[PDB]
4 protein chains.
Amino acid sequence: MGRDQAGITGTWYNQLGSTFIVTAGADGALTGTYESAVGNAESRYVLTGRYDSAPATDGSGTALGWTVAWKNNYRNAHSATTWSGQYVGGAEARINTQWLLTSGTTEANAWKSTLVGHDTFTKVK
Amino acid sequence: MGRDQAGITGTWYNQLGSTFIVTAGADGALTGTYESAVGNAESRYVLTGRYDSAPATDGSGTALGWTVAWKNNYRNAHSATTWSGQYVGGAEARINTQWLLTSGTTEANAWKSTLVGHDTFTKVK
Amino acid sequence: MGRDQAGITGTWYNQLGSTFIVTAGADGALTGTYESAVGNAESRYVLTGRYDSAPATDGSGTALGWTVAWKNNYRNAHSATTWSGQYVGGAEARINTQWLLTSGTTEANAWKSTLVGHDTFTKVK
Amino acid sequence: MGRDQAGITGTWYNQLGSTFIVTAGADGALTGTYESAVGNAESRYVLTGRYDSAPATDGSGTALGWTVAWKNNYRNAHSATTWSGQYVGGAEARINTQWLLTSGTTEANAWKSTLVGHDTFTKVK
Ligand SMILES: O=C(CCCC[C@@H]1SC[C@@H]2NC(=O)N[C@@H]21)Nc1cccc(S)c1
Ligand SMILES: O=C(CCCC[C@@H]1SC[C@@H]2NC(=O)N[C@@H]21)Nc1cccc(S)c1
Ligand SMILES: O=C(CCCC[C@@H]1SC[C@@H]2NC(=O)N[C@@H]21)Nc1cccc(S)c1
Ligand SMILES: O=C(CCCC[C@@H]1SC[C@@H]2NC(=O)N[C@@H]21)Nc1cccc(S)c1
């Protein structure tokens, strides 16, 4: 069993009101769905990612990351976001992340292809 | 079949000499392995991600992203990188990406948890 | 007079307990000092930057950015941070920012030269 | 005299065909102008920044950063870019950078306020 398999698995909410539902596998897998409260998005989108299933025991958080491609049965925003961050357990559990959102562009517009931001996920909104 | 399922699937090399081997599924899945030429890494690491299986037909690239957690049978660097970018087909096919590498840290060191960079992947090194 | 010359000029504090003291000039200049509560830093460091002295009047924030090179009379951390963000006026005035911290490295270590994060600045801590 | 005062001062060109003209002061100052080959920009824009005037002598590059607010006598793009990077001397001198471009936005659009990219500057294009 991954050290934080149980801690990570479940439903998380960010500061924008988005919903991230994930299952963490014993050997580092992350599968789930993401629903964005903002942007060119509707309903749930597949996500997959990875996490460190054997983190340091020194009080450090647990490194993880995942991707959503913004295509589902309702919409295609020709874009993909990746979240990179760490899970922190305890009464105030939180997944703190930075993210990159890249659109498909022409070569001429590629300089402006990628947004950066930060999302913090909590178990209760 | 994803528009670029065939274009994406295969072996890619970046400017550092890293090797990314990926299979793109018809409905947006990315699975594979990553071997880093640099950092606290040895041999192959699992990766998963997503791509836009129906990109714009206007000459735009194809949005995609993936994650590696830097734990395998040889090492655990308590970290995860996500690559966010776009695939561009044609004689000079390339996956252009920006990435975020987050380590597990204490809360005191969390301000310095995350590296950012950029990798460009080609079919021949 | 810059629209937010008065709003921006003064002392700001971030979530880490750092202190940013800045003067905004009528034609877009930012000068001041920065004192970091964290990292390889002691006392004040020079900063300079720029801001949009004629922002949109539609309720948008005011774009701005500044740099600190982490060399002063006490220390040299061979690094520089740039903050890019927007100032938002009103009872809850805030400067919201993302930042890049680049160290001087050898070419071999250049892939790991740059940290990314986010600071939010307030008028009262 | 800053170690790389002479090396940095002058005209640089990036991969997009932009022109950066800068003067480095003996005590870490950077002043100059920037002309973008892309985006909502015309002619030169003021820039200011900082650099490490006493870098490591171990072959490491020289940390530096600067800002442009995208307002001049011709246009106002209500935005500011900061470049964070390192200067590398020698026959192939280069300033390697990552950058953040923040627009002024409403609070509702703030999640999409900031672009990230990377520019490499050379002495000859
Ligand atoms: O809008 C989308 C799809 C939805 C993005 C949701 C973002 S993902 C990071 C953040 N965290 C959340 O929970 N929501 C937001 N793509 C797109 C394409 C072209 C230009 C632009 S600006 C945007
Ligand atoms: O070193 C690792 C594991 C290997 C990273 C490989 C990077 S991933 C982006 C880039 N692209 C490549 O192909 N290779 C590089 N983690 C780690 C932990 C704590 C502090 C630091 S500085 C680094
Ligand atoms: O430590 C420093 C100097 C102080 C940085 C202060 C940062 S600036 C962004 C953030 N916002 C604040 O208020 N404080 C923090 N440079 C350095 C060199 C080599 C490796 C590393 S990891 C770090
Ligand atoms: O277009 C501008 C002003 C010119 C940016 C030039 C960039 S700065 C980084 C890069 N390096 C260069 O040399 N050129 C490019 N701002 C703006 C406002 C709202 C939305 C968007 S997408 C863009």
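Side-chain atoms are counted along with the backbone in the values below, which use heavy atoms only and exclude waters and symmetry mates. Here is the naming used below: chain letters follow the sequence lines, and residue numbers restart at 1 for every chain. In listed order, ligands and their atoms are each counted from 1.
Residue C/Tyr34 has at least one nitrogen or oxygen atom sitting less than 3.5 Å from a nitrogen or oxygen atom of ligand 3, judged on distance alone. Not a single N or O atom of A/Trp83, backbone or side chain, sits closer than 3.5 Å to an N or O atom of ligand 1. The distance criterion of under 3.5 Å between nitrogen or oxygen atoms is not met by D/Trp111 with respect to ligand 1. The shortest N or O to N or O distance between D/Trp70 and ligand 4 is not under 3.5 Å. Looking at D/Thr81 next to ligand 4, no N or O pair under 3.5 Å apart turns up.
Scanning all protein heavy atoms for the shortest distance to atom 17 (C) of ligand 1 gives A/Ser79 OG, 3.6 Å. For atom 11 (N) of ligand 1, the nearest protein heavy atom (residue, atom name, distance) is A/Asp119 OD2, 2.7 Å. Among all non-hydrogen protein atoms, the one lying nearest atom 3 (C) of ligand 3 is C/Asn40 O, 3.4 Å. For atom 6 (C) of ligand 1, the nearest protein heavy atom (residue, atom name, distance) is A/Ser36 OG, 3.3 Å. Taking atom 9 (C) of ligand 3 as the reference point, the nearest protein heavy-atom neighbour is C/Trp99 CE2, 3.4 Å.
Heavy atoms of C/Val68 found under 4.0 angstrom from ligand 3: none, in either backbone or side chain.
A donor atom on one side chain and an acceptor atom on the other are found under 3.5 Å apart for C/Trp70 and C/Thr81.
In this structure, A/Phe20 does not count as a contact residue of ligand 1, since none of its heavy atoms falls inside 4.0 Å of the ligand.
Annotation: A/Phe20 is in aromatic contact with A/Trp66 [ring centroid separation under 6.0 Å].
Checking A/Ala69, A/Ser103, A/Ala41 against atom 20 (C) of ligand 1, the nearest heavy atom belongs to A/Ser103.
Close contacts between ligand 4 and D/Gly39 involve ligand atoms 1 (O) [criterion: under 4.0 Å to a heavy atom]. Listed by number with element, the atoms of ligand 4 under 4.0 Å from a non-hydrogen atom of D/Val38 are 4 (C), 6 (C), 14 (N), 15 (C).
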